[PDB]
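Protein chains in written order, with full-length UniProt numbering: chain A, 51 to 209; chain B, 1 to 295; chain C, 1 to 295; chain D, 1 to 225; chain E, 1 to 225.
To keep things clear, I will list the structure first and then write my remarks on it.
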Amino acid sequence: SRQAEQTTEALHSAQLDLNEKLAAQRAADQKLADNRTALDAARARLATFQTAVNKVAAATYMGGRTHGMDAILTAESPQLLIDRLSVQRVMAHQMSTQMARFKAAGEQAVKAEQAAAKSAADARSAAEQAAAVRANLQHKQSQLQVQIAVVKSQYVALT
Amino acid sequence: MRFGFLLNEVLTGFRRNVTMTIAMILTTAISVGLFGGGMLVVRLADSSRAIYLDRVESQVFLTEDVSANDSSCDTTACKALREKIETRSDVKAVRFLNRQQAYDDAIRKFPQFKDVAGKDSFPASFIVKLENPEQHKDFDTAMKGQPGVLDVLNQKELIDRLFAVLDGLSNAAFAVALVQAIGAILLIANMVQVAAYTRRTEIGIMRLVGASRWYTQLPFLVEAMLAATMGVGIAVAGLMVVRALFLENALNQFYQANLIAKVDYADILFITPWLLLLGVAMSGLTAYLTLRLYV
Amino acid sequence: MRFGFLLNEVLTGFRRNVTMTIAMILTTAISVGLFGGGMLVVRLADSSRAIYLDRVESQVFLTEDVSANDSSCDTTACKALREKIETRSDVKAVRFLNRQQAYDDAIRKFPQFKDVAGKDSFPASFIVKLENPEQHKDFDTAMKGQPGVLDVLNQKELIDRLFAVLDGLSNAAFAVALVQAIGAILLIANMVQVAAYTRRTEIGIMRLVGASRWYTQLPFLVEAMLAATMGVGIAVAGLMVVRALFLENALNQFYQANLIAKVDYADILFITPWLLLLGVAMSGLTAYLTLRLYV
Amino acid sequence: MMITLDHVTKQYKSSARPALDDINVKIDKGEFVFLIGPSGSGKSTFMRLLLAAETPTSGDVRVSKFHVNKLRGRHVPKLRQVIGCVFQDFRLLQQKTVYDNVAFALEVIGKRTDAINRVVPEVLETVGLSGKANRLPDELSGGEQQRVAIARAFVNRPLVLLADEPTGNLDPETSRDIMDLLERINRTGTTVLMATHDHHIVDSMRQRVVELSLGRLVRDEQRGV
Amino acid sequence: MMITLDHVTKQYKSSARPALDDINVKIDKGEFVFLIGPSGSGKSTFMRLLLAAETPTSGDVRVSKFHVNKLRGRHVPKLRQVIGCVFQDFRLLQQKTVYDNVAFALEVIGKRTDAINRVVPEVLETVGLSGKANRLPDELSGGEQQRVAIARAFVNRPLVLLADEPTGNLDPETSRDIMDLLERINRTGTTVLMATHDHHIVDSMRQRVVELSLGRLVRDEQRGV
Ligand SMILES: Nc1ncnc2c1ncn2[C@@H]1O[C@H](COP(=O)(O)OP(=O)(O)OP(=O)(O)O)[C@@H](O)[C@H]1O
Ligand SMILES: Nc1ncnc2c1ncn2[C@@H]1O[C@H](COP(=O)(O)OP(=O)(O)OP(=O)(O)O)[C@@H](O)[C@H]1O
C-alpha cells in the first residue's frame, strides 16, 4: 500500500510553487500597468512638442534673419539698433534652450523606448516561465484522484 | 640635347643676384594674391545669389487651408488670390510653388534644418516677379487684413547695400591688382635688362662664337618661369595665413548667420590652375617680346 | 651753391633710365596707399565706435521668481535690489523694465516670432546708464553684491564684435602693406645698382676729381626723394579716385541709415603729410646706406 | 670664289666720313693679311660688317659661303660658327676655370661630353700654355689672358679668323711670343685679318698689308713690308 | 716735406709678386718721367696708391702734404683737386658736348659760375682744340678724344699730372703731338708722370726714365734716353 501513500504530502506541498508563480505574474502585471504608461507619457510630451519646435524653427523663414550681421541690415537708426541687441541676445538664448530641451527629450524618449522593450522582454519571459508552472499541474494534481481510486481498493480481503 | 646643362647657371644667377630676384617673388606675390582674393570674393558674390532673391522678385505667404490641403493651386480660393495681382499692371509672371517643394530648397537657405526638425512646416509661397521695384511700399501692404495671406516678406530692400559693399571691395581689389600688374609687367622687362647688365660677359661671348637665337634667351626665361611659380606659390600660401588668422573672425560667424555661401579652403583649387597659367603667361609675354629687336 | 645743375642732372638720369623708376613710382604708391587705407579704416572704426558709445547703457537679467511677479515693483526684494544700486558713481539713471513691454517693442519694431516667443522668457531688467561705457570692466565685476540676478552679458558690448569684419580687415591691410614695404625697401636699395651702371662714366670722373662723399650721393638721392614724394602724391590721388568710384556708392545708403561716421575730403588730407613723412624717410633710410655700404 | 668684300659703306645716322666708300680688296685661302690705318678708320665697323652685325649701306660682303649683305637672321649664327674674334678686354669670365672658359665656346653648340674634352687638351698645347688648366684667370697673369682668348675660337675649325688688335695691351717684350703665334696659325691653313694699329709691328715680319686712310686705300700690294 | 713715396707693397689676397718689395723712388718738382714696366709686373697699382684708392701694404704715401698712409676719409676729397689723371679709353660721356665735358670737372668742385667759363677757352686754346667745341665727342675723331681728356684733367692748377698710358690706341704719327703736348705743361706749371707701355717712344725725346720689373728698380738715372 506504499505505492500511493508515498506521494500524499506532495499534493499538500505542491501549492507553494503555484502560489509564487501567481505572485510573480501578478508583480509582472502590476509593473506592466505602469511601464508603458510612463513610456506613453514620455513619448506624448515630445509628440506635443514637435509641433512647437518645428514652428519656432520655421519661424525664422518668414523674415527672422537677425542672427548675425544681417540684423543691422534691416535697421534704420542707431537708436532702434542699440535696444535691439538687448532683446536679440536674450532671444538667441531661447531657441538654444529649445534645442537643448529637444535633445534632452529625445534622449529621454530613447531611454523610455529601451525601458519599454526591456520590460516587454521581461514580461514575455515571466509569462513563459509561469506557463510552465501550470503546464505540468494537470498530471501533478491528478494524484488525488489516484488516491481516491485506491482508497476503495485498499481493503484487505474486502475488509 | 640634355636639359641638365641649363641648371648650373640659373643657380649662379641667383647667387650673384639676391635682391632683384626676390623682389620679383614679392611683386608677383602681391599682384597674384590680390587678383586671387578679388576672384574669390566675386565668386562669393554670385555664389551667394542662390540663397537670396534678385531685385525682380517678391515673396508672400499663404494660410494653412490652401498650402496644406489642396496643395496644388486648383481651388477657386487659390485662383481668386493668384489672379488678383495680375489685375494691375505691375508684375509679369507667377511661379507655382507649394509644400511639395518646401524642404528640397530648405537645405540651401538654412544650413541647420537637414536634421529631424519636423516635416510640413513651410507654407506655400507663389513668388511673383514685378518689373517696377519702386511700388513695393504698398504692394506688400495690400495683403494685410485679407484672409488667405499669412504674412508678407520683402527682403529686397536693404540687401542691395550688402551686395554693394561686397562687390565694391571686389572692384577695388581688381583695380589695385590691375595697377600692381601694370607696375609688375615691366619689372619683368627690366629683370632681363639688369641681368644683361650684370652678366654682360657671357651673353657677349655666346653671340660672337655663334649661338642659336632660342638659347640666348632660354636662361632668361627658365628662371622667369620658376620665379612666377614661386611667386604664385607664396601668394596662395600667404592668402591662407591672412585668411585663417586675421580674417577668420567674420566668415566663420556668417555660417551661423547664413549670409555667405559654403566657402572653404578647397575653393582656391578651382582657380589655382588658371592663376598658374596666368602668372607664367604674364611672365613669358613680356620676357620674350622685349628681346626680339635687341639682338 | 649751384642748385640748378641738379635740376638738369635728375632729368638726364630720368632720360637715360626711365623704365625702372616708372615701375617704382607705381609700386611705392601702392605700398603707401595700402597703409593709408588701413589707417583710415582704423579711423572709421574708432570714430564710429566713439560716436556710438555715448548711447550705450547696461542691462541686467533677473531670476524667474522675481520676474514672474506683477508689473509694478512693490515687494521688498525688488526695491531691495533698487535702493542700494543708485548710490554708485557710474550709476546715474536706472529704468525699471517690465515683462509685458518686451513683447511690444520686439513685435512692433520686429514683426517676427509673434506666436513662438514664450511669455515666461523675457525677465524684468534694469537698464543702467554709465558715463564710461568703455570703462565697463568695473560695472560687470561689481554685480556680486546684488543677488536675485541671473547674468550680465557684458552690458552692451555687441558693437566691436559687430565691427569685427573690418577690425580683421584693417590689420590684414596693414600686414599686406608691410609686405609691400619690405618689397619696396630693397627696390630702393638696388635702384642705384643699375643707376650707376647707366652713368659709370661721370661718377668715375667726379670721384677722381675729388667731390665730397656727402655731395657724391645727392644725384643718387634726390632722384629717389622727388620720386617718393610723387609716389605718395599719386597714391593719395589713386586712393581718392577708387574711394569716390567704389566705396562712396556703397555708403550713400548709409547717409539715411547713419551707421558709419564716414570719410570725406579732409580725412585723407589729415593723414597725407603723415604719409609723406613716413614715405620719404622710408626711401631715405635705404637710399643712403646703399651708397655708403655698396658704393 | 674667294672670301672678300667690295664697295662697302656705312652711313649710320650722320654720314660725315661714312667708314669706307668703295673697296676692291681680295683675300685668298689661308692668306695672312693686315689692316692698317689711322685712329678713326672704323676697324670696329669693318669687323661688324664682317660679322654682319650691321648691314652695309652699299655693296655686298662675301666670306665664300654666301653673300652676307642680305642673309636671313636664321643663318647669322651659322656664319658665326666659322668666325672667331679677339679684343682688348679679352672677353674672359673671371669666375670660371681656364679649362672652363675654352670649353664654354663649344658646349654652347652642344654635343656629347667626351667630344668637348677630346679637343681641349689637344688645343691647349697648340697655344703654348701647357698647364694652369685649373687656374682662375684672375690668378693668371696678364700675358696669357690674350693667349687663352685666342685659344677659344680654336675649339672648332674656323675657316676665316679675324682679329681686332690683340697687341697694344701686350708689351713688345711679351708680344714676341704672340706675334709668332699668328704665323703658326697661318701655316696650319686658316687665315686671319691681323688688324694692327701701330707701324712698328707692320715692318717686322713683312707680310701682306692692306693700307687704309679714312676709307681710302693708301696702298695694297699683298707682299713685302 | 718732399712729395714722394717709397717702401710700398700690395698683397691683395694672393701675394705672388706683392707689387713692390723695397723701393726708394723720389720725384722732384716739374719733372717729365716715364715708367718702364712689364704687363705682368703691376704699374696701375702704383698710380692707384698715388690716388689712395688702394691701401698700401707697407710704406707711406706722401704728396704735397703730410703722411697720407693713415689718411682720414674726410681729407681724401681735399687731396684730389691737385691730382689729375687720365686713362686709356678716354673716359668720355657721349651725351654731353665738347665744352660740357671740360667744364664738368671744375663745376663739381664748387665756385662762382662766372669763373667757370673764364678758363675754358684759356685751356682749350693751349691744347689746340679751340674749334668744334660744341660738337659731340662721337662726332669727333679718335685722334682728339684724349685732347679733351687732358684739358679736363687740367681745368685747375694741380701739382702732378700722372698719366696711365694716354696713347696705346694711337698711331706713332698721332702720338708725336701728344707726348710733346705734355712737355709745355711740364715746363710751365706741373710735374708729370707718363707711365709708358712700350719702349719705342721712350728713347725718342731723351728724357728721364724709370724701369720697374715686378717692383724692382732696373734703370734710374734721369738722363739720356
Ligand atoms: N657706334 C658707332 N656708330 C656709328 N659710327 C661709329 C660708331 N663707332 C664708331 N663709328 C665711326 O667709325 C669711325 C671710327 O671708329 P671707332 O671710333 O670705333 O674706331 P676704329 O677705327 O674702329 O678703331 P678701334 O677699333 O681700334 O678703336 C668714325 O668715323 C666713327 O664716327
Ligand atoms: N683686382 C685685383 N685683384 C688682385 N690682384 C690685382 C688686382 N688688380 C691688380 N692686381 C695685381 O696688380 C698687378 C697687375 O696690375 P694690373 O692688372 O692693374 O695691370 P698693370 O700691370 O698695372 O698694367 P696696366 O696699366 O697695363 O693694366 C698684379 O700683381 C696683380 O696681381
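All C-beta atoms in this analysis are idealised placements derived from N, C-alpha and C, irrespective of residue type, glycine included.
Query                                                                                                               : Result
Interface positions of the region 165–177 of chain E facing chain D (Cβ-Cβ less than 7 Å), listed along the chain   : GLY168, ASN169, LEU170, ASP171, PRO172, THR174
C-beta atoms of B:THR201 and D:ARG91 nearer than 8 Å                                                                : yes
E:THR9, enclosing beta strand (DSSP E) - first and last residue                                                     : 6–9
Cross-strand partners of E:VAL33 (DSSP beta bridge)                                                                 : E:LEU193, E:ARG208
Chain-ordered neighbours of C:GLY168 on chain B, where CB pairs are closer than 7 Å                                 : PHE246, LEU247, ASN249, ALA250
Spatial distance of E:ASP89 from D:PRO166 (CA atoms)                                                                : 16 Å
Near ligand 2: B:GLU9 beta-carbon under 7 Å from a heavy atom                                                       : no
Exposure of B:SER283, with buried meaning 16 or more beta-carbon neighbours within 10 Å                             : buried
is_contact[A:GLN100, chain C] using C-beta, thresh 8 Å                                                              : no
Closer than 7 Å: D:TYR12 CB and nearest ligand 1 heavy atom                                                         : yes
The region 30–64 of chain E: positions lying closer than 7 Å to chain D by Cβ                                       : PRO38, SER39, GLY40
Identity of the residue in E:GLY40, E:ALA53, E:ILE116, E:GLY30 nearest C:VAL295 by Cα                               : E:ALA53
Spatial neighbours of B:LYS119 in its chain, beta-carbon cut-off 8 Å, leaving aside the 5 residues before and after : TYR103
Alpha-carbon spacing of D:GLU139 relative to E:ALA16, whole angstroms                                               : 9 Å
Beta-carbon proximity of E:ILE3 to E:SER41, cut-off 8 Å                                                             : no
Three-state class that DSSP yields for residue 379 of chain C in the structure shown                                : Residue 379 of chain C falls outside the range modelled here, since chain C spans only 1 to 295, and no answer is possible.
Alpha-carbon spacing of E:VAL98 relative to E:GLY128, whole angstroms                                               : 13 Å
Proximity of E:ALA151 and E:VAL108 at Cβ, strictly below 8 Å                                                        : no
Where D:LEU50 falls: helix, strand or coil (DSSP)                                                                   : helix
Exposure of C:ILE51, with buried meaning 16 or more beta-carbon neighbours within 10 Å                              : exposed
C-beta neighbour in chain E for D:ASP203, strict 8 Å                                                                : no
Residues of the region 191–218 of chain E with Cβ closer than 7 Å to any Cβ of chain D, in chain order              : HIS197, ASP198, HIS199, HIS200
C-alpha gap between B:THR27 and B:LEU289, whole angstroms                                                           : 20 Å
Near-chain A residues of the region 25–58 of chain C (beta-carbon distance less than 7 Å), N- to C-terminal order   : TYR52, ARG55, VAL56
CB contact below 8 Å: A:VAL103 versus chain B                                                                       : yes
Separation of C:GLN155 from C:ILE25, as counted between CA atoms                                                    : 50 Å
4 or more residues per run - each alpha helix (DSSP H) lying fully within the region 147–204 of chain E             : 176–179, 181–188
Beta carbon of C:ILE268 nearer than 8 Å to that of C:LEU239                                                         : yes
Element boundaries [beta strand (DSSP E), containing E:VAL127]                                                      : That residue, E:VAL127, is in no beta strand (DSSP E); it is neither H nor E in DSSP.
Cα-Cα separation between E:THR191 and E:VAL210, rounded to whole angstroms                                          : 15 Å
Closer than 8 Å to chain C by CB, E:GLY73                                                                           : yes
Contacts of C:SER283 in chain E (Cβ-Cβ under 7 Å)                                                                   : Result: empty, since nearest Cβ-Cβ is about 24 Å, beyond 7 Å.
Neighbour flag for B:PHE3 against chain D, beta carbons, 8 Å                                                        : no
Paired residues, beta bridge with E:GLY84 - DSSP                                                                    : E:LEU161
Same chain, Cβ closer than 7 Å to E:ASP6, neighbours up to 5 away in sequence not counted                           : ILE23, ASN24, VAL25, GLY59
B:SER31 versus C:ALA237 - alpha carbon distance                                                                     : 20 Å
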